[PDB]
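Asker: I need the structure of the sequence given here:
(8 chains, ligands or ions: 5)
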Amino acid sequence: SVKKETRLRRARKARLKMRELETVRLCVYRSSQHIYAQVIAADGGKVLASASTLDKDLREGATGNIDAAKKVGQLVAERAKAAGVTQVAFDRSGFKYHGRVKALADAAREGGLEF
Amino acid sequence: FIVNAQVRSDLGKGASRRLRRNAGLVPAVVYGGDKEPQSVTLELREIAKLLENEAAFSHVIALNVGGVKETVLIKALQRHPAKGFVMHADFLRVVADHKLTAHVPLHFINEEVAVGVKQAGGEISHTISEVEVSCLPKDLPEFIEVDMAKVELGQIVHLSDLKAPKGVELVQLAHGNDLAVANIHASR
Amino acid sequence: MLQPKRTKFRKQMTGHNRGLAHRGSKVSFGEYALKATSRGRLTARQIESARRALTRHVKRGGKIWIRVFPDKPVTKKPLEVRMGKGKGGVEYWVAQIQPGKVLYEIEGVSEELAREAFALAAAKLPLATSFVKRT
Amino acid sequence: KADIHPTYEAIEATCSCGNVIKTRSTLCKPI
Amino acid sequence: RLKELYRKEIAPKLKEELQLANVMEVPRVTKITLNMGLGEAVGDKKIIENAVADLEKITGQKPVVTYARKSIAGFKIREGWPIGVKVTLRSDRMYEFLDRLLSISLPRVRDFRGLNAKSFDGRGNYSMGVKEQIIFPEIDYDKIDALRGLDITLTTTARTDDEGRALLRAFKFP
Amino acid sequence: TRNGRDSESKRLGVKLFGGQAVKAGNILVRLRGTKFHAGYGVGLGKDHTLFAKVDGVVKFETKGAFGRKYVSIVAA
RNA sequence: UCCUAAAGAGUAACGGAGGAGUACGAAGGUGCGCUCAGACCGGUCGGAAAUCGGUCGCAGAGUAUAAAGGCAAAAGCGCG
RNA sequence: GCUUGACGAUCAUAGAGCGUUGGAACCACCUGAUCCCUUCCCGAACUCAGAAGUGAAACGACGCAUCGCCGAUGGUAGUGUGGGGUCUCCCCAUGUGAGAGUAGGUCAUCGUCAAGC
Ligand SMILES: [Mg+2]
Ligand SMILES: [Mg+2]
Ligand SMILES: [Mg+2]
Ligand SMILES: [Mg+2]
Ligand SMILES: [Mg+2]
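Answerer: Residues are numbered from 1 along each chain as shown, chains lettered A, B, ... in the order given. Ligands and ions are numbered 1, 2, ... in the order given. Please see the structure below:
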């Protein structure tokens, strides 16, 4: 489109500097309906933990609010600590860290996971 | 149009120059559609008769490699620049059904009496020759006749003017160009 | 005479004159040509002595092409001058010929009017030039 | 922002507010 | 309110009219830019703050000033560096400013044709120049200066400019 | 008008070729503006000078888009 | 800085060509954003050219300062 | 393996152009801007609150070698060592062997999970 590749042009700076430092990356992906979150291992091609909204215990028609995204980042630290993962980075993927992005990344710090 | 060959199981630079002075031979290859490329020796005398012929370039020639026979069309002539004589030949097998581009001479058959010549200032300048072809080998265009007996002064001739008879296309019309062919202009 | 309009530099090395001529040895425009069989270099006044010889043995028509163009400037020091005070000035211009290169082309004439016309232009050039036909 | 200034007392008034100030409120075209 | 005139009359009409298959292929107006050219009196340093205050009232919105990008010595120097004053109008001030045109910005021109129907770009955009700042409500005649060269440039979601014509003939004044 | 005046030839080039063994802070390439890019474990100093940070064997591999030249050192 | 200089470094001539004897308290740091030149069509006093809108672009622009080697995590441009 | 998303692997035989085609899951446009927040002016972009509509545009797949891009074999140029000649240039023995062009290729190939079969 036009919007899609411009935020890909914004994302490749911090995503490429987290590659050189070899840090366990926490990615994110916002849509106009609902919000994803993944933890990708230190090779760019291996996913360890991944919590979403489209799972079969959370879809309720209310995804797309800031209150919906608080539970997404809440239920992802419980799968990374079950995978034994700390010392992570936070690629915001070209999204301005203000709204539903920032509220998800505060639920990660509460749930025992630390940056 | 017939020529007979041999096998040439000796490659390189040193073995390929001793052919030309000791035995008077010329190297060649035969590469085609469904088989492997096969190198070949020919004589400088026997290619000299074919290269002296007029329409031998746009024509099928049979080849006797050993007792092996093959209908062969020629598309290359590497040639010695300084003295002027033939170097290796690089011709082609002919499949009974394949598209087969090649090159065809022209003639400009009727230009003794032209409108631009007898009435106005008489000059006819042939720009192009050796116009290509793209045709099945069942019908060989040996040549194409172009007539400039009626074209007046100040007019030029494109590729769309002359025609390609009986299932012959032109690659230059398959691109977005139409090259000029012949002019009629005034002498100085 | 024939020389560039403007040049990115002013003076040039000497170099060498090696090899044969693989591109330049094929007749393209005319149907008769005078190709050169010995290496040398032509000094851009010989070209006008050879052009004005072909363009008066015809006098009727035809068309002339000049395939070669001098672009290499050469120097010459003045007299009673010792060596080593810089580099001399450009006096003339030179094209470099190597065996096989086609010099002149003609078309629209007879096969033997032209043959005795390149005899006039060959007696002004310092090279051994032959006669060739279009194939 | 807040740097801009409306005149919505007449902008959001009637387009056919007489032909005494607008000078033409029964027709717009003079042609 | 021409928007309420648009969705109710114009918007259902054109889908059958220009053989449009669905809803989302219909033309509509994207933005309006003005670009009052103060390229005259380059080294004036007095007319720009006047020209901002001119366009300040007839739009109800603050302008921006436009600088240069070269020193074209045949025209003028780069010393009088601001040259332009531009205003982009999005959808809320679009259909309200568009009503001043073709209703009350017709009679005070003293013209023959309100707009020619021959000047288009290839994509479907229309441009127009207005000579005076007199064609404006809520403006002075005595305190205004009659040096105001103003333009109107339209942008449409049209593929080619015949679709601009069927849109422009609805709210028309040619 | 007169023209001598050359300079003194800064000794550039590429050291430590394709199969060496390196120490912590050796100099790999004395660049003049990135003929070779910073690969896996190398440094890229002030005037674009590649230097090592860890130990191993130099690679000189061509990677990715733009076809750029990446000097990585491999713990092998 | 380039060429002579022979595909590692180095390498002469009263051999061919050019520059320096400085600027900058932001022209430095950082975070956040954003793309060039040119062509072309339309548009009021400008017109081959000023500002505006549009498509085509695919770095042919730019780099405080010579030329060479570079630049999309732009080493180019704006803001706190 | 097929469906859509995310992150990679490899950087054109993976590109461009033309044609064709997809929904109600996904995605995209969309509707509003009161409430976060934003624009050297502008809800365009950025952001938030959502599910009236649409698959148009965009985006994927599916076809076409028309442009592009890869590219043989043979010959040829040049060149290391040893000798030659008419010696500002070439030749012989021997090792090495392009570039350009030709026959033709190409509408990519994989990996990790999450929702579908
Ligand atoms: Mg060197
Ligand atoms: Mg050397
Ligand atoms: Mg800078
Ligand atoms: Mg950046
Ligand atoms: Mg090759």
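Asker: tally of neighbours for the closest residue to residue B:150 other than its chain neighbours?
Answerer: Of all residues not flanking residue B:150 in the chain, residue B:115 sits nearest, at 5.9 Å (C-beta to C-beta, 6 or more residues apart in numbering or on different chains). Quick note: C-beta positions are derived from backbone N, CA and C, even for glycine. Using other C-beta atoms under 10 Å in any protein chain shown, residue B:115 has 16 other residues around it.
Asker: contacting residues around stretch F:13-24?
Answerer: The list of residues contacting stretch F:13-24 from outside it, by C-beta atoms under 8 Å, 6 or more residues apart in numbering or on different chains, reads F:26-30, F:36, F:52-60, F:73.
Asker: Can you report phi and psi for the residue nearest the centre of chain F?
Answerer: Nearest residue to the geometric centre of chain F (C-alpha atoms, centre = their mean): residue F:29, 2.7 Å. When read as degrees, to the nearest 10, the backbone of residue F:29 gives phi -140, psi 130.
Asker: quick one: it from chain E, how far?
Answerer: Separation of residue F:29 from chain E (C-beta to the nearest C-beta, to the nearest Å) stands at 40 Å.
Asker: about what we covered before: give me the buried entries from the contacts of stretch F:13-24.
Answerer: Buried positions within the contacts of stretch F:13-24, assessed by neighbour count (16 or more other C-beta atoms under 10 Å in any protein chain shown), are F:26, F:28, F:29, F:36, F:52, F:56, F:58, F:59, F:60, F:73.
Asker: Tell me if I'm right that the fourth one and residue F:51 touch.
Answerer: So the one you mean is residue F:36. No - between residue F:36 and residue F:51 there is no contact under C-beta atoms under 8 Å: 11.9 Å.
Asker: Let me see the ranges of the helices in chain C.
Answerer: Secondary structure of chain C (DSSP state H): helices at C:46-57, C:118-122.
Asker: circling back: looking at strand pairing, list the partners for the residue nearest to the centre of chain F.
Answerer: residue F:14, residue F:50 (DSSP bridges).
Asker: which residues sit in contact with it?
Answerer: Counting by C-beta under 8 Å, 6+ apart, residue F:29 makes contact with F:13, F:14, F:15, F:35, F:36, F:49, F:50, F:71.
Asker: Now the phi/psi pair for residue E:85, please.
Answerer: The phi and psi torsions at residue E:85 (degrees, to the nearest 10) take the values phi -140, psi 120.
Asker: which residue packs closest to it, ignoring adjacent ones?
Answerer: Closest residue in space to residue E:85, ignoring its immediate chain neighbours: residue E:36 at 4.6 Å, by C-beta to C-beta, 6+ apart.
Asker: my read: that neighbour touches residue E:152, true?
Answerer: No - contact status for residue E:36 versus residue E:152: not in contact, 10.4 Å apart, counting by C-beta under 8 Å.
Asker: Between those two, which is the more surrounded one?
Answerer: residue E:36 (21 against 17).
Asker: residues touching that one, list them.
Answerer: Applying C-beta under 8 Å, 6+ apart to residue E:36 gives the contacts E:51, E:54, E:55, E:63, E:84, E:85, E:86, E:148, E:149, E:150, E:151.
Asker: Now the buried members of those residues.
Answerer: E:51, E:54, E:55, E:63, E:84, E:85, E:86, E:148, E:149, E:150.
Asker: and the longest helix for the chain?
Answerer: No chain in the question, so chain A it is. From DSSP H, the single longest helix across chain A is helix A:3-21.
Asker: hm, I was asking about chain E
Answerer: Longest helix in chain E, counting by DSSP H: helix E:48-59.
Asker: Equivalent analysis for chain B, please.
Answerer: helix B:44-52.
Asker: Count the neighbours of the residue of chain A found nearest chain E for me.
Answerer: The nearest approach of chain A to chain E comes at residue A:2, 14.4 Å away (C-beta to the nearest C-beta). Using other C-beta under 10 Å, residue A:2 has 5 other residues around it.
Asker: on that earlier part again, scan the contacts of residue F:29 and report the most crowded one.
Answerer: Taking other C-beta under 10 Å as the neighbour criterion, residue F:50 ranks highest of the contacts of residue F:29 with 26 neighbours.
Asker: how close does it get to chain E?
Answerer: Per C-beta to the nearest C-beta, residue F:50 is found 39 Å from chain E.
Asker: same thing with residue C:84?
Answerer: Taking C-beta to the nearest C-beta, one finds residue C:84 at 48 Å from chain E.
Asker: for the residue most central in space within chain B, what are its contacts?
Answerer: Against the mean C-alpha coordinate of chain B, by C-alpha atoms, centre = their mean, the closest residue is residue B:57 at 3.7 Å. Shown in contact with residue B:57 (C-beta under 8 Å, 6+ apart): B:74, B:102, B:103, B:105.
Asker: Would you mind measuring from residue E:31 to residue E:95?
Answerer: 12 Å (C-beta to C-beta, to the nearest Å).
Asker: ugh, wrong one, I meant residue C:47
Answerer: Residue C:47 is 77 Å from residue E:95, by C-beta to C-beta.
Asker: Would you mind telling me which of the two has more residues around it?
Answerer: Between residue C:47 and residue E:95, counted using other C-beta under 10 Å, residue C:47 has the larger neighbour count: 23 against 18.
Asker: Distance check, the residue of chain E found nearest chain B against RNA strand G.
Answerer: Closest residue of chain E to chain B, C-beta to the nearest C-beta: residue E:122 (22.5 Å). Using C-beta to the nearest atom of the strand, to the nearest Å, one obtains 5 Å as the distance from residue E:122 to RNA strand G.
Asker: Chain C contacts on chain B?
Answerer: B:81, B:82, B:83, B:84, B:123, B:124, B:125, B:126, B:127, B:129, B:187, B:188 (C-beta under 8 Å from any C-beta of the partner chain).
Asker: Looking at these, which one is closest to residue C:71?
Answerer: residue B:81 (22.1 Å; C-beta to C-beta).
Asker: Look up the closest residue to residue E:71, ignoring the ones flanking it.
Answerer: residue E:78 (4.0 Å).
Asker: hang on, isn't the one you found packed against residue E:43?
Answerer: No - look at residue E:78 against residue E:43 with C-beta under 8 Å: they stay out of range, at 10.5 Å.
Asker: Which one's more surrounded, those two?
Answerer: residue E:78 (14 against 10).
Asker: any idea which of the contacts of residue B:57 has the most stuff around it?
Answerer: residue B:74 (21 neighbours).
Asker: got the phi/psi numbers for that residue?
Answerer: According to degrees, to the nearest 10, residue B:74 has phi -100, psi 120.
Asker: show me what contacts it?
Answerer: Neighbours of residue B:74 in contact, by C-beta under 8 Å, 6+ apart: B:56, B:57, B:61, B:89, B:91, B:92.
Asker: SS state for the residue of chain B found nearest chain D?
Answerer: Using C-beta to the nearest C-beta, the single residue of chain B nearest to chain D is residue B:176, 50.2 Å away. Using DSSP: H, G, I helix; E, B strand; the rest coil, the structure places residue B:176 in coil.
Asker: What is the burial count for it?
Answerer: 6.
Asker: now swap in residue C:121 and tell me
Answerer: Neighbours of residue C:121 (other C-beta under 10 Å): 23.
Asker: ok, now which ones touch the residue of chain C found nearest chain B?
Answerer: Per C-beta to the nearest C-beta, residue C:100 is where chain C lies closest to chain B, at 3.6 Å. Contact analysis of residue C:100 by C-beta under 8 Å, 6+ apart lists B:81, B:82, C:20, C:21, C:22, C:24, C:25, C:35, C:36, C:37.
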